[PDB]
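Novice: Dropping a structure here in structure tokens format, bear with me for questions.
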Number of protein chains: 2
Amino acid sequence: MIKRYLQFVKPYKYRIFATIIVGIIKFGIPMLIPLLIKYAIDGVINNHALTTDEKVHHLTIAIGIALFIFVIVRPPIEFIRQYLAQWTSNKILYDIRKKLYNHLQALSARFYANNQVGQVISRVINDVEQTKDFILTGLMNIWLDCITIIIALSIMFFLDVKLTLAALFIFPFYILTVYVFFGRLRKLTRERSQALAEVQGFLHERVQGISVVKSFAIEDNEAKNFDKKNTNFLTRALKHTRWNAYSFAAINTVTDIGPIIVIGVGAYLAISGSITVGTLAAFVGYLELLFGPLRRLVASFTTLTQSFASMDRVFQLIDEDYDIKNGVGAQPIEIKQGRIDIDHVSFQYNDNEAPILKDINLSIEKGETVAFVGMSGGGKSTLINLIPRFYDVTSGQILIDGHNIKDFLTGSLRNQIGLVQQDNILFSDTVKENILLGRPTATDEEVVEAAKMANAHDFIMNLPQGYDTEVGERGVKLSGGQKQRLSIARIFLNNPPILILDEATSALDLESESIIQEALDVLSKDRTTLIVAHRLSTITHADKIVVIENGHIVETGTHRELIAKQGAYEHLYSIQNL
Amino acid sequence: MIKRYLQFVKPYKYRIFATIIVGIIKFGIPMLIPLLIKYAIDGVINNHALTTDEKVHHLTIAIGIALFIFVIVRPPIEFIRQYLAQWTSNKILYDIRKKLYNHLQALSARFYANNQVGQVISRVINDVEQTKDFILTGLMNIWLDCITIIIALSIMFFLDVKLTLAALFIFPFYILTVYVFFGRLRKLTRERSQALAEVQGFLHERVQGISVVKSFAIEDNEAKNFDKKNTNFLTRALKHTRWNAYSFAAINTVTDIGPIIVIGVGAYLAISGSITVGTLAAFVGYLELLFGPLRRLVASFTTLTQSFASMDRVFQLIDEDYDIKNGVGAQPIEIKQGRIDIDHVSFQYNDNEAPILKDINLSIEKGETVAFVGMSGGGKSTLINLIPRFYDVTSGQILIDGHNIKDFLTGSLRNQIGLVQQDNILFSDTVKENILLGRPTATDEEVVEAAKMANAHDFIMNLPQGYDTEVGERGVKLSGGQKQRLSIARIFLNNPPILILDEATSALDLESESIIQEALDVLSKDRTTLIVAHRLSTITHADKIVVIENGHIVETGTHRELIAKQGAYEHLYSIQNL
Ligand SMILES: Nc1ncnc2c1ncn2[C@@H]1O[C@H](COP(=O)(O)OP(=O)(O)O)[C@@H](O)[C@H]1O
Ligand SMILES: Nc1ncnc2c1ncn2[C@@H]1O[C@H](COP(=O)(O)OP(=O)(O)O)[C@@H](O)[C@H]1O
Ligand code: NA
Ligand code: NA
């Protein structure tokens, strides 16, 4: 998996090597200070053989050299070091999200039917952000602390063989301890993030559905439900905290026995006649070089553990399966004559549940306008959505122009099916911007046409700022009949070969309906049109009315014929002016 | 404003003092090492008074002691120090969100009509989280670095009053520099966060409206729109980064001239007689004590700057005004007889725009069932929503039982108005859980009753896992007629004195409608009922039909009478059979 995440860093290797290089070229600076203390002390006064005009000159080139380095060289190193580090990771994150967003847009209705927006977003934003440390603390810092440890171990190896050994004794345990915690922290972090994710999901869902919370004044009740999730998150976060605290003390207690098992030994050797009490003096001086980095790495460790958890969650989301896939055979197909064929189609949203569409057989010739009617919960919408291939038929096949829906390239198929769903969507944008969804590359002229078509153009003008009026989030700032008509607009703009209208009149008064009815009868003149309707009267003119009951096609016919049959259809119609 | 944020920390002062105390009791440890070293070296090795059996002995007491401290005392200090620090801040955050969520639930339809969920959430989650550093780096660490600076400075002052003035020389500039950057970083951070906020808002809106993006296969187009926001965020984040890098190098270059100017003057002063090398050398070992903390504080500074930006944004959201406020006169009023009076009401959603309801006068006696009908975009919904007081009338007054709506306590008023909006809501929960929204404290028996009432109980049983079937996010896993009926359920459960039904039939077939029609005619027998409808036929029985046009009441009457008048009403009705 590191290999995976690494793939994102790939195009930035150099900038990172650079960040590490400049990183090393930093320790040289802190050492310049103690080096300068020795020069004035031993090179201008303890020299004893210099003029009081000569030594007061060397101190003006040494206090000259220092200033130069620190006021000219260091600043740029400092800067670049950070800017680089950041610029790098920040571009990397940017990249990861670029990919995650396409992933999302490629998931299926199913996915989104069983997932919580807020939770998904939490991953795309928070979890990703969290993997930032892995680039910084991981690939750009950890090393410097190891380089330091090598240098140190090395220097010590010369000063004395067994004395260094005296140190390395700790090392294995240190490693063992890290290993012991790592995993548990990784989970605790994972579980923590997830909780956050769930509060995200909650906030999203409620803030957007407040209308309801407000209406029944269930604020108190819901504020509770919030606290459960908010608390859960807190709890989990504490578990996580406790362990970090715990593991920290642990790893360090080990890292601390380090200088001890050293000093102790360093004495019982210098005195036992093994080595120069100067060696002991020198060696023990470097103790900070060894058990310093080892102490930092404890922190480095921790940070990473958390980061891994995050990249987990990220990849987990990345690894989600696309339910509707294109498959090798993919083929952008032009639908020239709207010929739709539903052969023995049967649908189930899940293996466990019962099918919703059982055995459906229906043929729709180009130009025909087919109406779908029946008790609510029958299957019309489900059936319908099988064509734009929003879900794949369970058993059977649907063919447009003889071509199996599956053999089209998604975008192609879908782009040629103008679909007005029953629960229509609007983004917090401008009226124009919303219609444009039907055909983003459209002439401000064509838009206004669609509008006039959908019987929308008129009320749009009466809107403050007309076609540029910002509709509300979710399109709140408009009537039902109004939102709806904008959806119809999109259709005309799309001007597709196949038109599916699932209750495209729901919210319009009798009059507006009449208009749109005419507008459509026109657009639907020579196109294959599928219509789901409850307001029968606006379906009579259909070429064929299809009655659907409990997932089955029960009746088929012309309004006229169906009425004669005094069957299922008539029953329903008959309920109107009776 | 710090005072504000502090108010959240208040109930945790002690835990924080504690965190600081234990914090100080830490420097004592690192010093024990060199002490065990000096003690070994200068104490046992060169005592010139030690039996080889004594020195070894006194060495051992120094180690047995070391191990004890480090393997027993330190671990607990380390732990508590962190656990404390975290536990504290983490509870504080928890608290802040507890408050933010109630704030949210108290904002008005307006607020939410002009705000983006994702953006709001970003604040409640991200910005808050960000204020975490302020508690940690701010109130628990900064101090230790100042304590260190005091300790250090004192020593310098007693070592030489005029050389500490060679040090402190830097101090003012340091302060000046911080001041110079602070502000700009605060903004850059602010602007950065906001960008994130906007990507949040984008992701929310799109992920939830994908149905549309999928239908027109506008994935590519939208993926672009995403990249604008994603890029914007990246850019802003870079600006921020660049400056931090910049300001960091700056403040340090200043902090670095520090040890130098002590050496520049200090050395010159030794020459002229200020003091000797014995002093210049001793005034230089502690240099790390002074310009060490000053270097850390540079980082401490930065972190805080960002934190302030965050608390800004947080408070900004906290400072949002409640459009619908209760006001002192608040009074939980029982509505005993649904008498509604609309006296010269006029409504405008904004001062700039044109009113939507102009001069409306209508009286509704207890028990009466009043229907509202008219072209779409007329004002019915708006009018209606003025009663549950979702917005306050602009000019006029609405009185229930003689009491002005404004004089009720929100929850009271709203709780007694059973409202079925046209765009009904469902949470990703169970069927039961959703109905329960109407009356959270309800008998599993009463629920099933409401269901049977709303003509829902039946199809709910046919659902996998029946009343416990998890409907989809937003309630996707159900038909239109199905979601809707659950909304109707809530009404029966609420069983209020006043019932408002805005197109409560939109998605039901003719048959289901008949049922619910009967179910309601019953529940509406002796209750004040307001109905907005487009399917006229389901309104005929009304006590009074009110026709609304361009924000006005144009006609008033009994279906019978209005039909006779051959006016506005008849026109519309007349369009059904015609
Ligand atoms: N997104 C979904 N996930 C799972 N099941 C669904 C989903 N949408 C619909 N269904 C199932 O299909 C049935 C609804 O079919 P329906 O859409 O109401 O046909 P119609 O729209 O003509 O009334 C429901 O009983 C429900 O259980
Ligand atoms: N949330 C809102 N914010 C701002 N304006 C709104 C909002 N909701 C409705 N409106 C305005 O009110 C008008 C709609 O009134 P409308 O709801 O359609 O009455 P009705 O439902 O009877 O047709 C629109 O023209 C719109 O500009
Ligand atoms: Na047609
Ligand atoms: Na009534």
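Identifiers in this document derive from the order of the structure tokens: chains are assigned A, B, ..., residues are numbered from 1 separately in each chain, and ligands are numbered from 1 in order of occurrence.
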Distance limit 7 Å, reference ligand 4, atoms considered: only C-alpha atoms and all ligand atoms. Which residues make the cut? Give them as a list in words.

Specialist: residues 367, 368, 369, 524, 525, 526, 527, 528 and 529 of chain B

Novice: Set the cut-off to 6 Å and count only C-alpha atoms: what are the residues of chain B that reach chain A? Output as a ChimeraX atom specification.

Specialist: /B:71,75,78-79,82-83,113,215-217,242,245-246,249,253,264,375-377,411,414-415,472-473,479,481,506,509,534

Novice: Residues within 12 Å of ligand 3 should be enumerated using only C-alpha atoms and all ligand atoms and returned as a VMD selection string.

Specialist: chain A and resid 337 to 339 364 to 371 496 to 501 520 to 531 539 541 to 544

Novice: Of the residues B:450, B:519, B:357, B:265, which is the one nearest to ligand 2, using only C-alpha atoms and all ligand atoms?

Specialist: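 Looking at the shortest contact to ligand 2, the residue is B:357.
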
Novice: Between atom 26 (C, counted along the ligand's line) of ligand 2 and CA of residue 452 in chain A, measure the distance and give it in Å to one decimal.

Specialist: 18.5 Å

Novice: Select, from A:565, A:3, A:485, A:236, the residue with the minimum atom-to-atom distance to ligand 2, counting only C-alpha atoms and all ligand atoms.

Specialist: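 Checking each of A:565, A:3, A:485, A:236 against ligand 2, counting only C-alpha atoms and all ligand atoms, the winner is A:485.
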
Novice: Quick one: of A:286, A:111, A:173, A:315, who's nearest to ligand 1, counting only C-alpha atoms and all ligand atoms?

Specialist: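 Once distances to ligand 1 are computed over only C-alpha atoms and all ligand atoms, the minimum belongs to A:111.
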
Novice: Counting only C-alpha atoms and all ligand atoms, which of B:431, B:386, B:448, B:140 gets nearest to ligand 2?

Specialist: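 With only C-alpha atoms and all ligand atoms as the atom set, the closest residue is B:386.
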
Novice: Run DSSP on the backbone and tell me which residues of range 499-563 of chain A come out as alpha helix (DSSP H); list them as a ChimeraX atom specification.

Specialist: /A:510-523,559-563

Novice: Those selected residues, please, written with N, CA, C and O atoms and delivered as an mmCIF file, in the first residue's frame.

Specialist:
data_model
loop_
_atom_site.group_PDB
_atom_site.id
_atom_site.type_symbol
_atom_site.label_atom_id
_atom_site.label_comp_id
_atom_site.auth_asym_id
_atom_site.auth_seq_id
_atom_site.Cartn_x
_atom_site.Cartn_y
_atom_site.Cartn_z
ATOM 1 N N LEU A 510 -53.387 23.066 -13.269
ATOM 2 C CA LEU A 510 -54.009 22.505 -14.461
ATOM 3 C C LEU A 510 -53.565 23.234 -15.715
ATOM 4 O O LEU A 510 -53.185 22.605 -16.704
ATOM 5 N N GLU A 511 -53.573 24.562 -15.649
ATOM 6 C CA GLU A 511 -53.197 25.409 -16.782
ATOM 7 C C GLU A 511 -51.770 25.195 -17.303
ATOM 8 O O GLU A 511 -51.565 24.862 -18.473
ATOM 9 N N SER A 512 -50.789 25.377 -16.433
ATOM 10 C CA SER A 512 -49.397 25.214 -16.825
ATOM 11 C C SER A 512 -49.200 23.872 -17.480
ATOM 12 O O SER A 512 -48.457 23.742 -18.465
ATOM 13 N N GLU A 513 -49.865 22.872 -16.906
ATOM 14 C CA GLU A 513 -49.788 21.510 -17.399
ATOM 15 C C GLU A 513 -50.205 21.476 -18.861
ATOM 16 O O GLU A 513 -49.529 20.869 -19.691
ATOM 17 N N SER A 514 -51.316 22.150 -19.162
ATOM 18 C CA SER A 514 -51.854 22.220 -20.519
ATOM 19 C C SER A 514 -50.772 22.692 -21.454
ATOM 20 O O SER A 514 -50.544 22.097 -22.509
ATOM 21 N N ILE A 515 -50.122 23.787 -21.063
ATOM 22 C CA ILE A 515 -49.067 24.368 -21.869
ATOM 23 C C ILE A 515 -47.996 23.327 -22.122
ATOM 24 O O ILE A 515 -47.796 22.885 -23.257
ATOM 25 N N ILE A 516 -47.309 22.927 -21.062
ATOM 26 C CA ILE A 516 -46.259 21.938 -21.210
ATOM 27 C C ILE A 516 -46.737 20.727 -21.990
ATOM 28 O O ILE A 516 -45.979 20.118 -22.742
ATOM 29 N N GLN A 517 -48.002 20.380 -21.818
ATOM 30 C CA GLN A 517 -48.545 19.241 -22.524
ATOM 31 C C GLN A 517 -48.375 19.472 -24.022
ATOM 32 O O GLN A 517 -47.892 18.607 -24.744
ATOM 33 N N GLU A 518 -48.759 20.661 -24.470
ATOM 34 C CA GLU A 518 -48.672 21.041 -25.880
ATOM 35 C C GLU A 518 -47.205 21.096 -26.305
ATOM 36 O O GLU A 518 -46.811 20.541 -27.343
ATOM 37 N N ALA A 519 -46.401 21.768 -25.489
ATOM 38 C CA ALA A 519 -44.988 21.899 -25.776
ATOM 39 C C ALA A 519 -44.388 20.529 -26.022
ATOM 40 O O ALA A 519 -43.620 20.337 -26.959
ATOM 41 N N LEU A 520 -44.754 19.571 -25.181
ATOM 42 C CA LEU A 520 -44.226 18.220 -25.300
ATOM 43 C C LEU A 520 -44.810 17.461 -26.469
ATOM 44 O O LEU A 520 -44.082 16.827 -27.223
ATOM 45 N N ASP A 521 -46.125 17.514 -26.621
ATOM 46 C CA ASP A 521 -46.763 16.814 -27.723
ATOM 47 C C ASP A 521 -46.008 17.140 -28.997
ATOM 48 O O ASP A 521 -45.876 16.295 -29.882
ATOM 49 N N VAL A 522 -45.489 18.363 -29.067
ATOM 50 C CA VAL A 522 -44.707 18.814 -30.218
ATOM 51 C C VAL A 522 -43.344 18.118 -30.249
ATOM 52 O O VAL A 522 -43.012 17.423 -31.209
ATOM 53 N N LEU A 523 -42.561 18.314 -29.192
ATOM 54 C CA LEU A 523 -41.246 17.704 -29.092
ATOM 55 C C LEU A 523 -41.306 16.182 -29.198
ATOM 56 O O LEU A 523 -40.367 15.547 -29.682
ATOM 57 N N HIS A 559 -56.015 3.988 -24.820
ATOM 58 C CA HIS A 559 -56.970 4.446 -23.826
ATOM 59 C C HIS A 559 -58.343 3.856 -24.166
ATOM 60 O O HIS A 559 -58.999 3.229 -23.323
ATOM 61 N N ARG A 560 -58.753 4.058 -25.418
ATOM 62 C CA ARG A 560 -60.033 3.571 -25.937
ATOM 63 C C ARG A 560 -60.261 2.102 -25.611
ATOM 64 O O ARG A 560 -61.255 1.751 -24.969
ATOM 65 N N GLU A 561 -59.336 1.254 -26.058
ATOM 66 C CA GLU A 561 -59.428 -0.186 -25.844
ATOM 67 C C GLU A 561 -59.441 -0.542 -24.360
ATOM 68 O O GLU A 561 -60.321 -1.265 -23.885
ATOM 69 N N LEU A 562 -58.455 -0.040 -23.630
ATOM 70 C CA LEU A 562 -58.384 -0.331 -22.212
ATOM 71 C C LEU A 562 -59.702 0.050 -21.542
ATOM 72 O O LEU A 562 -60.192 -0.659 -20.665
ATOM 73 N N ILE A 563 -60.289 1.164 -21.945
ATOM 74 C CA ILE A 563 -61.539 1.543 -21.318
ATOM 75 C C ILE A 563 -62.620 0.521 -21.613
ATOM 76 O O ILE A 563 -63.420 0.195 -20.742
#

Novice: Quick one: residues within 10 Å of residue 554 in chain A, only C-alpha atoms counted, chain neighbours fewer than 3 positions away excluded, as a list in words?

Specialist: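 My list of contacting residues is residues 374, 546, 547, 548, 549, 550, 551, 567, 568 and 569 of chain A.
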
Novice: Just write the chosen residues, C-alpha atoms, as a short mmCIF file (atom, residue, chain, number, x, y, z; two decimals), in the first residue's frame.

Specialist:
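Saved the output as part-v8.cif:
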data_model
loop_
_atom_site.label_atom_id
_atom_site.label_comp_id
_atom_site.auth_asym_id
_atom_site.auth_seq_id
_atom_site.Cartn_x
_atom_site.Cartn_y
_atom_site.Cartn_z
CA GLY A 374 -50.37 1.78 -11.94
CA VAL A 546 -49.03 -0.06 -20.09
CA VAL A 547 -50.58 -0.94 -16.72
CA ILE A 548 -48.15 -2.15 -14.09
CA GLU A 549 -49.11 -4.06 -10.95
CA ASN A 550 -46.95 -5.67 -8.29
CA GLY A 551 -43.95 -5.68 -10.57
CA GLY A 567 -60.38 -3.99 -16.56
CA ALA A 568 -57.50 -2.78 -14.45
CA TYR A 569 -57.01 0.44 -16.40
#

Novice: Can you check which residues of range 284-466 of chain A DSSP gives as strand (DSSP E) on the backbone and send them as a ChimeraX atom specification?

Specialist: /A:340-347,357-364,369-373,395-400,403-404,417-420

Novice: Excluding residue 313 in chain A and residues on its chain fewer than 6 positions from it, collect all residues at most 8 Å away from it, counting only C-alpha atoms, and give them as a PyMOL selection string.

Specialist: chain A and resi 123+127+190

Novice: Would you save the residues of that selection, restricted to C-alpha atoms, as a PDB file, in the first residue's frame?

Specialist:
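The file below, again-v5.pdb, is the result:
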ATOM      1  CA  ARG A 123     -12.879  10.855   3.584  1.00  0.00           C
ATOM      2  CA  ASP A 127      -8.733  11.546   5.729  1.00  0.00           C
ATOM      3  CA  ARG A 190      -9.081   4.512  12.083  1.00  0.00           C
TER       4      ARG A 190
END

Novice: Could you tell me which of A:401, A:492, A:578, A:358 comes closest to ligand 1 if we count only C-alpha atoms and all ligand atoms?

Specialist: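 Of A:401, A:492, A:578, A:358, the one nearest ligand 1 is A:358, counting only C-alpha atoms and all ligand atoms.
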
Novice: Quick one: distance from CA of residue 330 in chain B to CA of residue 403 in chain B in Å, one decimal?

Specialist: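 Computing it gives 11.6 Å between the two atoms.
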